[PDB]
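Following: one structure in structure tokens, then a few remarks.
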Amino acid sequence: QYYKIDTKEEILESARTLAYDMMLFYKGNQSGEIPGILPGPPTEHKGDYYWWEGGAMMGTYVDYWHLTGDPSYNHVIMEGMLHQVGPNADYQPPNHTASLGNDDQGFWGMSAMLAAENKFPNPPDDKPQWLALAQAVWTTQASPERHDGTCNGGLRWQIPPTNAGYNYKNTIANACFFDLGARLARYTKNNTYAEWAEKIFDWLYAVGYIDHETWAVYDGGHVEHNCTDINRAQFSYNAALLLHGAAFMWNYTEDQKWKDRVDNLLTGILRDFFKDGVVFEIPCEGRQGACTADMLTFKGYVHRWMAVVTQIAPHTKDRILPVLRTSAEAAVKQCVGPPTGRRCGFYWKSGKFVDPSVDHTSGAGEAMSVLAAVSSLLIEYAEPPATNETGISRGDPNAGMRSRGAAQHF
Ligand SMILES: OC[C@H]1O[C@H](OC[C@H]2O[C@@H](O)[C@@H](O)[C@@H](O)[C@@H]2O)[C@@H](O)[C@@H](O)[C@@H]1O
Ligand SMILES: [Ca+2]
Ligand SMILES: [Ca+2]
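The numbers in the sequence shown follow the deposited numbering, run straight up by one, and end at 441.
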């Protein structure tokens, strides 16, 4: 194996090298390129990756700096995050309408939220601030036209009604909105965020995307079947995001119901996604060549989000941290690929490097996921997410409410 992770010093060094290798995929800080995105989209034959994955990358680097103290990439990341905000400072840039799903917008919002929680340096005074960007995403997601009576509520996957998939009310869209609301409640101490988060979680439970018996977390259902045609694929990031938001709700509310939800979601995740201590993407990983570019990034979110759960729901620490350690050990074991001797693949549990070309990408998601897993080994040494008591970001009471905002011509 190339990377060492047995001590704090070794983990820092490994994370710094992993941060370098992941950055090689990113061209957006170079002359003539677009900040904030990885190469793509594949629909234009520009590269393998969609817009939302750029937002995921930004958040991974906000976390990297928080966990390691290394600010080397902070300028590049601030530039990327700011470039993609759109004219209404809401992460709805219209050039990206095809990529405008509530989830895609949500991931950008979550990265802004993370920047506020982590005290990431503020943008210039005349630019949108991190908390305000998170508030704008949440506000647009709470807008009445996104909450119709079909399936008794819930967000649709897509924002534009003409986007393919507008008829799919899926877990990830709702989980993003839930997680933002829970996080905004904790940061701002404003209970209206929390009331929305409660409502959306209760909807996910009622519609049966959360299994009442096992606490498995399914993918979604379609409005023309009243959401009853549940797609029971279990993607790791769905359960993990609900766990993350539930942990923020437990920390904010101190309500035993939320502690029980954390515990039940966590039991399910350990049962379903961790295979002898290693995270495993159950709908696709069992054979090579099935995971999409998006799926290759999920395990990295699992690691980062579960690590934060241990800070804000500290009773979970002993269930989570040993398992994240075994999973990260497997991640680095297989980061041995040519031509560098340290290239990372996806198939951690297998114990073997598999070239990312088997899944038809250059390998940025796998690189991101290992970076996430290794960095998050430092969670014990990191500060917990800040609230407005110690944060440095600023909000906006009219975030998401501009008169030129897209909701005004829906
Ligand atoms: O990969 C599982 C995932 O697949 C579909 O959404 C894929 C992917 O689309 C991107 O554009 C972005 O929206 C991202 O969040 C999403 O993962 C969909 O069927 C979804 O429900 C499912 O979880
Ligand atoms: Ca999308
Ligand atoms: Ca490709």
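Cβ atoms here follow ideal geometry from the backbone N, Cα and C, with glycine treated the same way.
- Message: For the region 422 to 439 against the region 375 to 391, do three or more pairs of beta-carbon atoms, one drawn from each stretch, fall closer than 8 Å, so that the two count as touching?
- Response: no
- Message: Using DSSP's beta-bridge definition, name the partner residues of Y199.
- Response: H253
- Measure the Cβ-Cβ separation of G90 and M141 and say whether it is below 8 Å. yes
- Coil, strand or helix - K306 by DSSP: strand
- Please indicate yes or no: does the CB of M326 lie closer than 7 Å to some heavy atom of ligand 1? yes
- Message: Measuring only from the beta carbon, is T392 closer than 7 Å to any heavy atom that is part of ligand 3?
- Response: yes
- Message: Can you give me the C-alpha to C-alpha distance between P125 and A143, rounded to a whole angstrom?
- Response: 19 Å
- Cβ-heavy atom distance, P73 to ligand 3, below 7 Å: yes
- Task: Entirely within the region 122 to 170 and at least 3 residues each: give me those beta strand (DSSP E) ranges in chain order.
- Result: none
- Does DSSP put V354 in a helix, a strand or coil? helix
- Task: Entirely within the region 370 to 424 and at least 4 residues each: give me those alpha helix (DSSP H) ranges in chain order.
- Result: 395 to 406
- Return the chain-ordered ranges of every beta strand (DSSP E) run that is complete within the region 209 to 270 and spans a minimum of 3 residues. 251 to 253
- Item | Through-space distance from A195 to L131, alpha-carbon basis | 11 Å
- Residue environment, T193, which counts as buried when at least 16 other CB atoms sit within 10 Å: exposed
- Item | Under 7 Å, CB to nearest heavy atom of ligand 2: contacting residues | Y81, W83, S130, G132, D134, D135
- Item | Cβ neighbour criterion (16 or more within 10 Å) applied to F441 | exposed
- Message: Threshold first: 4 residues or longer. Then list the alpha helix (DSSP H) segments lying entirely within the region 42 to 105, N to C.
- Response: 82 to 99
- Query: Looking at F329 and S267, is the spacing between their C-beta atoms short of 8 Å?
  - Reply: yes
- Query: Should the region 404 to 414 be regarded as contacting the region 325 to 344, the criterion being three or more beta carbon pairs within less than 8 Å?
  - Reply: yes
- Item | In DSSP terms, what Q189 is bridged to | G132
- Kindly indicate the opening and closing residues of the alpha helix (DSSP H) around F311. Unbroken run through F311: none, as it is neither H nor E.
- Message: Nearer than 7 Å: is that true of the beta carbon of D79 relative to any heavy atom of ligand 3?
- Response: yes
- Task: Helix, strand or coil for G331, going by three-state DSSP, please let me know.
- Result: helix
- Spatial distance of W83 from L113 (CA atoms): 14 Å
- Query: If you draw a straight line from the C-alpha of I68 to the C-alpha of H127, how long is it?
  - Reply: 11 Å
- Task: Please work out which residues of its chain come closer than 8 Å, Cβ to Cβ, to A225, disregarding the five sequence neighbours upstream and downstream, and give them in chain order.
- Result: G212, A213, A216, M280, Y283, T284
- Compare the beta carbon distance of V354 and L301 with 8 Å and say whether it is the shorter of the two. yes
- Among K39, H76, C322, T171, which has the Cα closest to the Cα of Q439? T171
- Item | Cβ pair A206, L164 closer than 8 Å | no
- Item | Check whether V168 and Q136 have beta carbons under 8 Å apart | yes
- Item | Residues that DSSP places opposite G368 in a beta bridge | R374
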